[PDB]
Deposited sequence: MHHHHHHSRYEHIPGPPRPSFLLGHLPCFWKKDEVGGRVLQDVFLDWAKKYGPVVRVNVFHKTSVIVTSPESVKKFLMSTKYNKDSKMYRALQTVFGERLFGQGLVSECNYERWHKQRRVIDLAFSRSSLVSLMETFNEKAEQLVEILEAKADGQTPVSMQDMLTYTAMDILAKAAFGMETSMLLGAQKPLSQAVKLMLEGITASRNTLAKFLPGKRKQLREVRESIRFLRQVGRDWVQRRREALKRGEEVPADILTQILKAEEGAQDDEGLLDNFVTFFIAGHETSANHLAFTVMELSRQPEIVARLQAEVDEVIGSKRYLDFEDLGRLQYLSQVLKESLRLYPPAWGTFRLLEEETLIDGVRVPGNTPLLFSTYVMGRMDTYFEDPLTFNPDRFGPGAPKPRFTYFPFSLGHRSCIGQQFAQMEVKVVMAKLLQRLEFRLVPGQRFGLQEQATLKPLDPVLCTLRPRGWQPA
């Protein structure tokens, strides 16, 4: 009854249903999500008001499935899932040092070496006939980049190593999904314990290295440790280990996979991207940091890919006091749902919204004003945004330099939702050298 007055109903995902309801019922609509009543707010005025203010905190009820799954602590109170402002702010300020401009410039060697490894593996299969899962190959690349860049760890998933780790990540993502019988419970719980035990093993290795006075370059793990200096126990440390182990590869992989999928049906845009990489980097194996800013059309293509295919569709804020939102009375203690997926597909905000058009992000084009937020906005925006944008530009630039991709017929463009949105199909392609 407390929500009955709010407007609403009486390879598809629930976000497509929400899109249909926002179009039909307007900027404030009641929905059921993760078995709670929520209100989806899709005006840009609401996005600005609620996301650009430290007055509005995340609604912790809507993060339970990242905190704990089936009674196993997962991300716990790490940086994504901590919804207390002061507890979040303390860790954010310490971990931010690992995402400074100087920190990220130092990661270009890791980005280049893993991108070069992927392209060499793909070139050996570029016979126009062997089907390759670009979803799988881009996930292995993203995991290898993250493990090296964040932790100084070589996972070598691109060599076929760490299969139990790859399986554990897959079942943990299925667990998040199922949360929000007997064998699936056992497999999910053991996978979460395995990921935390990877953290314990790697933190002990880092501590022993530091004790023996071995050289350890400052990385994300350095700052994760710094945030816990004088903690009562290692459970905060492991919460952020697992948070960054998962967060630092999965959305990047999703975004790469979506971009390759969509580009397979955009031959003219691919010819333009191939030309731009030819003009900017030439034959050079290695992209320098200053080359990234020169790949302007690729930047636009990746922004348009996130408009239609945001791996992280949005966020929630807790409305504490009854508030009028776009002419609608919204009760206190309500989860407000913000969706860049829904707003990206509304003709109100984007003309011909299903058309893939990188020129929407061109230099003279008007910037979306609070209608586009694939890294969210405000104080709780993605800490990894610049990390992600650099690594994906390096991977995509190296693929475009060296290879041609054709999507295998029968492969779909639809979505699935696990913890994030990702292609329904494996993005199975045949390849040829340029």
Chain regions without C-alpha coordinates, deposited sequence numbering: 1 to 7, 18 to 36, 207 to 215, 470 to 474
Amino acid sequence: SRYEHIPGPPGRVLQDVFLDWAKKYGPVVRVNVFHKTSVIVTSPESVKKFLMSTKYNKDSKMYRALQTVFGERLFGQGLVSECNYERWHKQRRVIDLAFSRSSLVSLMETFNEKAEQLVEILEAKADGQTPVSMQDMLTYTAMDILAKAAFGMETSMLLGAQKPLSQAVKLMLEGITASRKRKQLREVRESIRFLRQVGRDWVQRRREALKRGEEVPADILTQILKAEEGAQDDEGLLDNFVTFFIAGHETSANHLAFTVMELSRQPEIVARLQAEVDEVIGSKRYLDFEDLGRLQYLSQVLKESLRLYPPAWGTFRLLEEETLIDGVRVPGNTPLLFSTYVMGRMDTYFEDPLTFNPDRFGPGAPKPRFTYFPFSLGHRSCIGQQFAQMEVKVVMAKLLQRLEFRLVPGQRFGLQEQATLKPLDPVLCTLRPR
From here on, numbers count along this sequence of modelled residues.
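In this text, rigid core is short for the largest set of C-alphas that superpose within 1.5 Å between two forms.
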Which of 291 to 299 and 168 to 176 lies farther, on average, from the shown form in 9 other deposited structures of this protein once the rigid core is superposed (C-alpha RMS)? 168 to 176
Stretch with greater C-alpha deviation in 9 other deposited structures of this protein, 211 to 219 versus 131 to 139 (rigid core superposition): 211 to 219
Do the C-alpha atoms of 201 to 209 or of 240 to 248 have the higher average B factor in the entry? 201 to 209
Could you check which stretch, 44 to 52 or 365 to 373, carries the larger mean CA temperature factor in the entry? 365 to 373
Taking the Cα B-factors listed in the entry, which of 58, 36, 393, 406 comes out highest? 36
Quiz for you: based on the deposited Cα B-factor, which of 230, 131, 353, 78 is highest? 230
Give the position of residue 414 by CA B-factor within its chain, expressed as the lowest, middle or highest third. middle
So, residue 381's CA B-factor, relative to its chain, sits in which third? The lowest
Divide the modelled residues of the chain into thirds by Cα B-factor and specify which third, lowest, middle or highest, holds residue 94. highest
Grab the CA temperature factor for residue 110 from the record and place it in the lowest, middle or highest third of its chain. middle
Would you please rank residue 334 by its C-alpha temperature factor against the other modelled residues of its chain and give the third it falls in: lowest, middle or highest? middle
